[PDB]
Trainee: 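Can you keep this structure in mind? I'll have questions shortly.
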Protein chains: 4
Amino acid sequence: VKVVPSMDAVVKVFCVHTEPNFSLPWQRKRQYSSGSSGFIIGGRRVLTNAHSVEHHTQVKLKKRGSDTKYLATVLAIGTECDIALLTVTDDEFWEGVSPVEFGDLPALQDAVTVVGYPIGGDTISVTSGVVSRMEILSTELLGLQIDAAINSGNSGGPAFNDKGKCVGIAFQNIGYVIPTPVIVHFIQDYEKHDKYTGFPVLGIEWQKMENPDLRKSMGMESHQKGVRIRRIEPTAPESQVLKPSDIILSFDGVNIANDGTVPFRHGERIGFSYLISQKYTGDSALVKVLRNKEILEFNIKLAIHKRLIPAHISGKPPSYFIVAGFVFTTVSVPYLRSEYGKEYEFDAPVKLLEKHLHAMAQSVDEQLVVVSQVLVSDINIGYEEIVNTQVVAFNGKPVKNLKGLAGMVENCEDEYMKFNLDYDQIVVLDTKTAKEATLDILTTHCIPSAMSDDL
Amino acid sequence: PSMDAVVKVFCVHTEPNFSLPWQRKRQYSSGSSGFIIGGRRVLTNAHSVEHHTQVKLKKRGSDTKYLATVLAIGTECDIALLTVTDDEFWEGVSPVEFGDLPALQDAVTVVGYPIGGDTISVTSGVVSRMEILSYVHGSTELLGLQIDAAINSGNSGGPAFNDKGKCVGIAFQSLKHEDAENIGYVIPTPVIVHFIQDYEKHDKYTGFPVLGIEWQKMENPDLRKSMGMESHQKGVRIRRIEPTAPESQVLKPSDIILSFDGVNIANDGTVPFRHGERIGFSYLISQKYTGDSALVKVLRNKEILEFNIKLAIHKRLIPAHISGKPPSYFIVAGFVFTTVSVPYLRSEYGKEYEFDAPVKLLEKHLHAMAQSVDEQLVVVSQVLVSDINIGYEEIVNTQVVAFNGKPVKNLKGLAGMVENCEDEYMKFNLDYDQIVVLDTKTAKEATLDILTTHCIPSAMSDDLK
Amino acid sequence: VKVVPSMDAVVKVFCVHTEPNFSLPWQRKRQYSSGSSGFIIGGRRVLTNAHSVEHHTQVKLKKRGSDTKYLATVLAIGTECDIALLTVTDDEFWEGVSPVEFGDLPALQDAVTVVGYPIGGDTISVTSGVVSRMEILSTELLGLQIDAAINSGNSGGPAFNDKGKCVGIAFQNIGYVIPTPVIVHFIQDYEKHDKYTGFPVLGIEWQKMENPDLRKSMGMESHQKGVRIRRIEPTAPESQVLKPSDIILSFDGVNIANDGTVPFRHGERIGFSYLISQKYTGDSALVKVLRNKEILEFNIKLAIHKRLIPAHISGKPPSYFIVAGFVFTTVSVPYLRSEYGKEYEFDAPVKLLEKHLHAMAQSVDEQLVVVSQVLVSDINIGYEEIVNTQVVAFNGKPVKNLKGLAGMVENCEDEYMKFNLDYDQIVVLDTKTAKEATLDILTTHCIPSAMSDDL
Amino acid sequence: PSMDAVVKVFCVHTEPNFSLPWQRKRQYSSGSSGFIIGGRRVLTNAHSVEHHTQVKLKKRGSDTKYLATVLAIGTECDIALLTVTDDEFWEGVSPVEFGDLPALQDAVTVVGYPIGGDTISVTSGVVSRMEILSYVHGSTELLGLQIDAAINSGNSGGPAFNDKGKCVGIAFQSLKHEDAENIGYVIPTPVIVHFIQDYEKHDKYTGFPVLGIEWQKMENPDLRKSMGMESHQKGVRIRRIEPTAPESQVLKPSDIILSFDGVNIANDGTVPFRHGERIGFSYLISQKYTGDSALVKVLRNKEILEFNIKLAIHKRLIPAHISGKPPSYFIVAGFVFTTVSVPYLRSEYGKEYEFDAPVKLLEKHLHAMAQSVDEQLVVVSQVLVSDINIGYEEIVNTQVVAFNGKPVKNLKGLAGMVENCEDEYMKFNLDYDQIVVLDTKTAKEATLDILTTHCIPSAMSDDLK
């Protein structure tokens with residue numbers, strides 16, 4: 001009724017996905033198709049969910065009542081906010097469409113309308129509901145809950161308030177709407193950096209300052225509030241300027257309490273990291289600390305977090321390096337999940353779990369390198385059962401990352417190759433016959449080359 | 001023919017509460033099986049009788065329960081040695097007599113009692129394999145018999161017989177098999193003989209020795225060549241040596257162990273055992289006695305060396321058990337400090353503690369070696385809530401690594417530093433880069449009223465007083 | 001909407017509980033935390049549920065939108081009405097809060113609002129419902145039922161009518177509200193006695209007077225109505241003045257019918273004990289009786305009931321006394337429930353069930369003393385299986401209570417200690433070696449002393 | 001070889017209704033097993049034949065049912081002795097022959113019939129233990145055999161055979177074990193012999209005697225010393241003596257029973273039974289006959305005394321059963337007065353009456369002793385509603401303790417006081433400090449019309465007329 005003038009702006013999203021195999025990183029899995037929804041905004045752009053085009057090899061858009069599926073280009077994917085930004089090069093796709101208009105943040109129990117396409121259908125569907133809750137959840141972000149039906153094909157299409165105005169992106173009985181502040185940050189992030197970069201972090205771990213003796217011992221007067229820095233990420237800018245046991249008092253003039261919270265709305269507080277996540281990569285921020293009982297204030301340029309075991313790899317292919325059937329790769333969350341399933345946080349080896357939960361990258365290029373598996377062959381008799389075990393050294397030299405290991409192997413002139421592994425194990429191979437064995441092993445397993453292109 | 005010798009064991013237990021180490025749990029009574037042997041002795045499982053305050057024995061045909069005496073406990077081999085002063089118990093019973101180590105597929109008959117019943121039960125099966133296994137999880141691995149039968153509480157602790165009526169050992173309920181799998185274990189006669197002979201010679205249990213090394217197989221030919229091994233040589237590479245074992249003063253990492261007491265060790269760590277049978281080389285070590293010496297031949301820097309090594313029991317950083325002693329603890333200002341052992345982790349996190357305990361603690365349980373004889377993993381177990389510890393109430397099972405700048409080696413070390421602390425503040429460095437800071441004078445003064453609140457008799461276990 | 005002006009008066013309740021072990025009365029169980037709600041009233045006071053602070057060792061309150069958890073003091077707990085009264089010594093907790101305002105008793109199907117905090121959250125939640133029923137239930141008291149959701153964390157927070165006014169205390173799909181009359185009695189009881197005392201009783205058992213021959217045989221004329229006294233509690237004041245077979249005719253001028261009921265509202269009656277429960281401990285009341293066919297009227301000062309097997313012990317620690325490993329304690333309902341579980345009223349020994357259901361205390365200090373268990377040791381060989389068996393005498397003298405038994409044991413100079421037990425059993429111990437054995441048994445079981453402090 | 005002697009028992013029962021004691025329940029027929037023995041006799045369970053109005057017997061190979069005669073019923077040992085006048089039943093059957101008391105673990109074969117079937121069934125098992133047990137709950141405990149087999153109705157009452165084809169007693173379906181537990185009982189040959197010899201000598205069943213005492217173990221050494229017991233002495237202390245047993249005139253509380261008929265009683269109440277076997281001393285008592293005398297040796301005030309005690313059957317305040325007699329009752333003004341027995345409680349409160357009956361009544365069931373030979377627990381069972389008893393309609397199973405100021409000793413006592421009451425009022429004192437008051441003249445006058453309403457033939461059972 002009030003949503004009808006924007007229904008011509010809601011498009012059907014056809015996607016072919018080709019997922020990499022993280023357990024066999026030289027393979028791509030079988031194509032599969034999905035259907036979703038999306039909608040046109042200002043500036044020759046289309047919004048949909050990130051999961052709608054995850055690992056896309058082809059995306060097509062079909063306007064309402066149109067007979068044509070236009071090839072689309074993905075401009076940017078925002079993994080943390082489940083948003084993708086699409087465009088279509090062809091001018092007739094855009095000819096005479098009125099884009100969606102956004103509206104104000106609704107309150108709870110407001111009437112909301114999700115408009116999209118059912119799976120297997122080209123005709124607009126329209127679901128009604130009310131905002132069940134509003135929660136900073138999942139980087140944690142604002143997200144609306146609704147008591148309604150997101151028909152899976154409906155995911156990616158717009159939610160409308162009881163005027164004509166868009167309230168966000170539906171995504172898949174209850175459902176969720178990605179709210180407009182999140183969308184705003186994604187769009188502005190893309191406009192600032194001509195790509196997606198994410199939501200910045202202060203790369204620090206902190207401890208509450210609630211105990212009186214702890215506070216007094218560090219020189220905090222009774223009116224001061226803040227959190228004590230436990231550790232700082234070595235790869236973060238902050239590491240040059242903040243120090244362990246600094247007490248963080250405020251961020252951009254916002255007072256941080258002893259439990260790490262800042263004011264949010266009347267009767268409500270939230271963690272100070274939420275404040276940081278509304279900044280943009282490259283912004284500066286004023287961090288005020290108590291250090292050795294003196295107040296210091298630093299201007300800190302915010303950066304994206306570098307995780308030792310990356311939570312994802314941004315659609316990049318996984319890397320690998322093979323010699324003599326030893327498959328080396330790097331540990332990431334998609335690797336752990338592909339190796340150990342949904343409960344990897346309990347089933348993976350404790351050595352890797354420790355690094356996953358507690359280790360910080362000590363340099364920007366540090367990777368956790370493992371022997372993933374050993375492709376059995378005469379050259380590697382007696383080593384076949386090594387699985388997901390860290391490589392810490394090669395012929396006496398520390399292994400920093402996968403490219404580093406590969407270069408050391410390639411340039412090795414000693415008679416033997418000697419890999420120090422975790423659990424105090426060693427692997428020793430005759431250098432000449434190990435390099436000679438590789439090619440036949442690649443053929444047997446249909447591996448296109450001994451290493452991924454990025455090496 | 002032998003069943004009169006198969007007694008029911010009634011045990012009263014008073015267990016420490018590892019989560020609340022100042023308490024003992026309610027008295028409770030359990031039943032299990034045991035059997036009469038020669039010399040006015042009864043054998044049963046160690047576990048049937050742990051934390052005993054009273055043990056009684058009942059024969060199948062008489063209502064009377066006889067007060068028994070516990071002579072020795074062998075936790076690692078799960079054997080208890082009992083006797084009974086009342087002679088009415090012994091009169092008219094033919095003791096069980098022991099047979100040779102069974103062959104694979106030999107028939108075995110396990111005689112005992114069901115849970116809650118006082119009637120004889122009889123389970124039958126075959127010896128399905130030899131095995132080196134831990135009878136207590138995380139403890140020293142010993143010879144054992146895997147059998148086709150099922151062993152459940154009640155009958156573990158009863159004797160297993162071969163088809164000639166001789167006893168081939170003590171039934172043992174599997175720790176890793178669901179009862180429906182029809183899989184159980186028999187503590188065999190050479191382990192029983194080791195336990196009894198050990199007690200007979202030393203008037204006490206002295207354990208089962210270990211070599212104190214981790215090893216890696218030498219099956220790859222390039223590995224063997226690069227380490228100078230002649231083509232006829234075989235054995236295993238030493239990965240790491242326990243710093244608290246004496247042999248950490250003569251063996252070295254990357255030595256290749258070739259033989260042990262003259263027995264040739266293969267590249268997979270096995271030695272010949274019997275006709276057509278091979279077993280892990282540790283069985284040569286565990287059949288020795290604590291304090292015995294052993295000839296270890298290694299290849300070091302391409303040369304053969306021979307050491308005679310005096311063998312000791314294994315000291316684990318996170319112990320598999322603490323020998324029925326009370327768990328140590330110490331309290332100041334409501335902070336409860338204790339040490340991490342396997343019973344502690346089981347009490348805190350349940351039977352699945354190898355998946356649900358904090359990864360920091362699991363790491364040390366699975367992989368850390370004690371760096372010194374008295375090293376212990378000290379944790380803040382919990383905080384007994386009070387005004388003195390506002391802001392800290394949620395600290396749980398978090399290692400303490402330093403006190404006012406000094407490393408914490410063990411619980412008694414920490415207890416001493418706290419008691420002799422003269423500084424204005426007590427500063428505990430905890431895991432996860434956390435610190436706890438307390439005013440020394442008020443922290444000590446707060447302790448008494450907190451103990452009163454939780455009915456804690458003493459700020460510390462007796463071993464720290 | 002209409003409740004908003006009072007939402008700043010609703011607080012979050014954090015409690016650490018340390019429960020005594022009634023089966024091992026020298027032990028306190030492991031700390032556990034709970035979260036609840038509560039709300040501010042006039043006079044620097046906070047209301048919440050009794051179960052929210054049961055066995056508290058620490059209570060903290062957090063105002064709405066506040067960053068601070070203030071330590072609270074428990075002023076009074078009313079077990080029978082599930083109410084606790086809290087205060088906070090710190091003045092800034094009270095600075096500028098507008099307390100809750102109470103409203104009139106609602107009718108059924110009225111709109112009601114419960115305001116509180118979800119478990120794990122610091123943000124106010126608001127649940128709506130209607131009054132399902134109104135019932136004198138559980139001392140039996142008024143209590144409202146509502147068709148709504150009390151989120152467990154929500155228990156302790158206020159219920160509001162469809163004006164702005166408080167209708168009671170919510171407690172934990174249906175839920176209950178503790179109504180304002182109950183709250184009023186609790187507050188006024190606390191103000192009268194500077195503690196909680198409870199709801200007084202007439203300590204009498206009664207029989208209906210409905211049969212004509214029974215009435216005529218006792219001289220009741222056809223217009224007289226009342227109930228016949230069966231027994232009177234020896235420890236009640238009434239015992240000095242009322243007699244068995246008195247017919248109670250009226251209480252404070254309220255006529256009591258043959259079935260024990262009094263008028264309540266049009267078309268509704270209720271038991272006369274309800275009338276007594278709205279008095280206060282220490283009030284006087286006029287009880288009119290027929291005795292030997294004459295009308296007598298007594299002024300009776302009301303008192304709290306003394307139960308032989310107490311229904312609870314008011315947060316007091318359980319008592320115990322040990323000699324030579326014999327653990328003596330007193331039988332109470334928490335002991336019976338801890339020993340025999342939820343169905344103790346069927347699983348406990350019939351001897352104790354008889355006393356529990358039917359026995360009256362014959363003196364104010366009478367306790368039912370049992371051997372709870374025997375901590376096995378050489379000194380007590382042959383007695384190990386005695387469990388929960390009454391001790392009726394020590395060396396020829398009746399045992400009246402636990403303190404009495406302990407004094408007799410301490411002052412015993414005979415060669416032997418001789419305990420007469422129930423089921424015609426005796427326990428005999430050498431006095432000297434039994435006293436000498438105790439200490440080692442206390443050590444083995446980690447018992448701090450042979451008796452609880454109250455002895 | 002013996003199975004032709006194993007007969008099916010068809011019984012017609014006419015049971016009293018204990019809840020409505022003026023009624024008999026509908027006639028119904030049940031099947032069970034029995035077997036032919038020597039002397040033109042058949043044995044079966046007493047319970048298979050209780051309240052019999054007709055019993056028939058069927059052999060396995062013939063359609064014909066033979067009218068049987070019930071010679072004697074032994075409720076306590078659950079044995080019935082039958083015979084059959086028609087000689088066609090007896091012709092060509094070899095009677096069952098009895099064997100000696102089995103040893104533990106001996107094989108037993110139980111021959112009978114399934115429920116509803118007339119084909120032979122055969123169950124096998126082992127003698128798992130000797131036992132002293134009640135065959136009727138709350139009744140006198142007797143020797144019994146526990147067996148590994150399962151006994152269910154149909155087959156109880158069939159014979160149990162040892163491996164030499166001899167009968168070792170009568171199968172008995174357990175009262176305390178669920179049928180899936182594969183646990184049953186055999187009434188053994190010395191109990192059968194006692195029953196048969198008893199009938200043969202006295203022309204009737206005379207029961208199994210008891211001593212009429214409760215006792216406490218003397219295992220604590222301080223207890224024994226304080227009572228003057230020399231170190232070689234052992235036995236049990238008398239807690240309480242039945243006031244209705246003759247021996248309440250010679251034994252005393254706190255006597256220590258040392259021996260019975262010269263057999264030495266231990267501190268746990270056991271006596272030697274066979275090689276390696278001990279049993280409770282009551283088996284010496286129950287194998288005697290009612291009226292036999294027994295030598296009881298006690299320690300009293302540190303001196304040995306010896307009594308020869310004439311033994312009688314046990315009189316229980318709340319009887320375990322009433323010997324197939326009709327339950328007594330008496331009615332006035334609609335009040336139904338009856339006595340409390342175990343069948344009454346079972347009829348009123350179901351199989352779980354030990355948990356669901358009023359605690360007052362349970363107390364007396366479990367712990368009260370009759371204070372006199374004719375004492376009974378008298379209750380108002382119910383009130384047959386009428387104008388005369390307005391206000392009392394809900395009184396249920398509440399003891400009557402006095403009538404117009406005089407104690408109620410038993411039902412006939414109360415019936416007499418009511419009938420001879422000349423006072424204006426009848427005043428019944430009931431439990432829970434309640435009184436019932438009725439006008440004597442109108443109460444008596446109301447009774448007839450109430451009986452008519454409920455079709456009650458008579459205001460009282462015949463035993464009160």
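Atoms considered below: every heavy atom in the structure, side chains included; atoms not considered: hydrogens, waters and symmetry mates. Throughout, protein chains are lettered first and strands after them, A, B, ... in sequence-line order, and every chain is numbered starting at 1.
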Trainee: Does C/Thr87 use its side chain to pair, donor to acceptor, with the backbone of C/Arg45 at less than 3.5 Å?
Mentor: no

Trainee: Could you go through the ring-ring contact (aromatic ring centres under 6.0 Å, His included) check for C/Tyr280 and C/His193 one step at a time?
Mentor: CA-CA 10 Å; C/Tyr280 293 92; C/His193 300 106; 7.8 Å; no

Trainee: For C/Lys60, I'd like to know if atom NZ has over 12 heavy atoms of other residues, nucleotides or ligands within 6.0 Å.
Mentor: yes

Trainee: I'd like to know if the side chain of C/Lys62 and the backbone of C/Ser66 have a donor-acceptor N/O pair within less than 3.5 Å.
Mentor: yes

Trainee: Set out, in order, the CA-CA distance, both residues' side-chain angles and the distance that settles salt bridge (charged side-chain N to carboxylate O under 4.0 Å, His left out) for A/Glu294 and A/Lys288, then state yes or no.
Mentor: CA-CA 10 Å; A/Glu294 295 189 328; A/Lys288 181 172 93 187; over 6 Å; no

Trainee: So does A/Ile229 get a backbone contact from the side chain of B/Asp433, meaning a donor-acceptor N/O pair under 3.5 Å?
Mentor: no

Trainee: Under a plain distance cut-off of 3.5 Å, with no hydrogens placed, do B/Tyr392 and B/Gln434 share a side-chain donor-acceptor pair?
Mentor: no

Trainee: Going through the distances and angles, do C/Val112 and C/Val130 end up as a side-chain contact (heavy atoms from CB on, under 4.5 Å)?
Mentor: CA-CA 6 Å; C/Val112 77; C/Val130 296; over 6 Å; no

Trainee: Judged by modelled atom types alone, do C/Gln58 and B/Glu393 share a side-chain donor-acceptor pair under 3.5 Å?
Mentor: yes

Trainee: Okay, side chain of A/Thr261, backbone of A/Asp259: is any donor-acceptor separation there less than 3.5 Å?
Mentor: no

Trainee: If we ignore hydrogens and angles and just use 3.5 Å, is the side chain of C/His17 paired with the main-chain N or O of C/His56 as donor and acceptor?
Mentor: no

Trainee: How close do C/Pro334 and C/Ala311 get, counting heavy atoms only, and between which atoms?
Mentor: CD-O, 3.6 Å

Trainee: Do the side chain of A/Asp246 and the main chain of A/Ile248 share a donor and acceptor less than 3.5 angstrom apart?
Mentor: no

Trainee: Could you tell me how the ring of C/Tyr70 sits relative to the ring of C/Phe93: parallel (under 30°), tilted (30 to 60°) or perpendicular (over 60°)?
Mentor: perpendicular

Trainee: So is C/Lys279 actually on top of C/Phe199's ring, under 6.0 Å and inside 45° of the axis?
Mentor: no

Trainee: Check whether any side-chain heavy atom of B/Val336 sits under 4.5 Å from a side-chain heavy atom of B/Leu384, and report yes or no.
Mentor: yes

Trainee: Write down the atom of A/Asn258, the atom of A/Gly226, and the distance for their closest heavy-atom approach.
Mentor: OD1-N, 3.2 Å

Trainee: Say whether, by atom type as modelled, one donor and one acceptor occur between the side chain of C/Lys195 and the main chain of C/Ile77 under 3.5 angstrom.
Mentor: no

Trainee: Could you pull out all residues at least two apart from C/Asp82 that satisfy salt bridge (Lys or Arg N to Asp or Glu O under 4.0 Å)?
Mentor: none

Trainee: To check you understand the geometry: which heavy-atom pair defines the closest contact between B/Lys444 and B/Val418, and what is its length?
Mentor: NZ-O, 2.8 Å

Trainee: So C/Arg30 and C/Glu19, do their side chains get closer than 4.5 Å, heavy atoms only?
Mentor: no

Trainee: Check whether the side chains of C/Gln172 and C/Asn154 place a donor and an acceptor atom closer than 3.5 Å, and report yes or no.
Mentor: no

Trainee: Whether the side chain of C/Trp94 engages the backbone of C/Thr89 through a donor-acceptor N/O pair (distance < 3.5 Å, no angle test) should be reported.
Mentor: no

Trainee: Locate the shortest heavy-atom distance separating C/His185 from C/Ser277; write the atom from each residue and the value.
Mentor: NE2-O, 3.5 Å

Trainee: In terms of side-chain heavy atoms, does B/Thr442 have a donor or acceptor partner in B/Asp439 at a distance below 3.5 Å?
Mentor: yes

Trainee: As a quick check of understanding, evaluate side-chain hydrogen bond (donor to acceptor under 3.5 Å, both in side chains) for C/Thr139 and C/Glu80, giving each step before the final call.
Mentor: CA-CA 7 Å; C/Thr139 305; C/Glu80 303 74 324; 5.7 Å; no

Trainee: Does A/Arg228 come within less than 4.0 Å of A/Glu210, counting only side-chain N to carboxylate O?
Mentor: no

Trainee: Could you give me the CA-CA distance, side-chain angles and deciding distance for C/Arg64 and C/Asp122, then say whether salt bridge (charged side-chain N to carboxylate O under 4.0 Å, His left out) is met?
Mentor: CA-CA 7 Å; C/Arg64 187 185 176 211; C/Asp122 296 342; over 6 Å; no

Trainee: Using 0.5 Å steps for rounding, measure from the CD atom of A/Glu140 to the CD atom of A/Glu135.
Mentor: 10.5 Å

Trainee: Please tell me whether A/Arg230 and A/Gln207 have a donor and an acceptor in their side chains that are separated by less than 3.5 angstrom.
Mentor: no

Trainee: Side chains of C/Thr57 and C/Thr18 only: does a donor on one sit below 3.5 Å from an acceptor on the other?
Mentor: yes

Trainee: Assign the ring pair B/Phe428 / B/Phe403 to parallel, tilted or perpendicular, where the plane angle (0 to 90°) is split at 30° and 60°.
Mentor: perpendicular

Trainee: Please determine whether a side-chain nitrogen of the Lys or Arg among C/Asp91 and C/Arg44 lies less than 4.0 Å from a carboxylate oxygen of the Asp or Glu.
Mentor: yes

Trainee: Is A/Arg269 close to A/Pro263 at the side-chain level, that is, under 4.5 Å between some pair of heavy atoms?
Mentor: yes

Trainee: Going from OG on C/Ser132 to CD1 on C/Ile146, what distance comes out if it is rounded to the nearest 0.5 angstrom?
Mentor: 7.5 Å

Trainee: For C/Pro448 and B/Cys455, work out which heavy atoms get closest and say how close.
Mentor: CG-O, 3.8 Å

Trainee: For residues B/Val379 and B/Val400, report the shortest heavy-atom separation together with the two atoms involved.
Mentor: C-CG2, 4.1 Å

Trainee: Would you say the side chains of C/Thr197 and C/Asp189 form a donor-acceptor pair under 3.5 Å?
Mentor: yes

Trainee: Measure the shortest side-chain to side-chain distance between C/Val100 and C/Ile40 over non-hydrogen atoms and say whether it is less than 4.5 angstrom.
Mentor: no

Trainee: Between C/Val114 and C/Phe160, is there a side-chain heavy-atom distance shorter than 4.5 Å?
Mentor: no

Trainee: Applying side-chain contact (heavy atoms from CB on, under 4.5 Å) to B/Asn404 and B/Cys421, what does each step give before you reach the verdict?
Mentor: CA-CA 9 Å; B/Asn404 290 3; B/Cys421 181; 3.5 Å; yes

Trainee: Hey, are C/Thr123 and A/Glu268 close enough side-chain-wise for a donor-acceptor pair under 3.5 Å?
Mentor: no

Trainee: If you apply the rule side-chain contact (heavy atoms from CB on, under 4.5 Å), what do you find for A/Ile247 with A/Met209, and how did you get there?
Mentor: CA-CA 8 Å; A/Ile247 309 305; A/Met209 293 298 291; 3.8 Å; yes

Trainee: Do the side chain of A/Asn211 and the main chain of B/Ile390 share a donor and acceptor less than 3.5 angstrom apart?
Mentor: yes

Trainee: C/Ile178 vs C/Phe171, test: side-chain contact (heavy atoms from CB on, under 4.5 Å). Steps then yes/no.
Mentor: CA-CA 7 Å; C/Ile178 302 165; C/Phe171 78 99; 3.5 Å; yes

Trainee: As a quick check of understanding, evaluate side-chain hydrogen bond (donor to acceptor under 3.5 Å, both in side chains) for C/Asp454 and C/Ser319, giving each step before the final call.
Mentor: CA-CA 7 Å; C/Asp454 59 6; C/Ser319 315; 2.3 Å; yes

Trainee: Any luck finding a side-chain donor-acceptor pair between C/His51 and C/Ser155 under 3.5 Å?
Mentor: yes

Trainee: Can a donor-acceptor pair be found, under 3.5 Å and without considering hydrogens, that links the side chain of B/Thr447 to the backbone of B/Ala333?
Mentor: yes

Trainee: Quick check on side-chain contact (heavy atoms from CB on, under 4.5 Å): which of C/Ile169, C/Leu85, C/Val13, C/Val59 does C/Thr48 satisfy it with?
Mentor: C/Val13

Trainee: A side-chain contact here means heavy atoms from C-beta on lying under 4.5 Å apart; do C/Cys81 and C/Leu141 qualify?
Mentor: yes

Trainee: Answer whether the closest heavy-atom distance between the side chains of C/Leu61 and C/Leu86 falls below 4.5 Å.
Mentor: yes

Trainee: Is there a side-chain contact between A/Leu142 and A/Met134 in this structure, where contact means two heavy atoms from C-beta onward sitting under 4.5 Å apart?
Mentor: yes

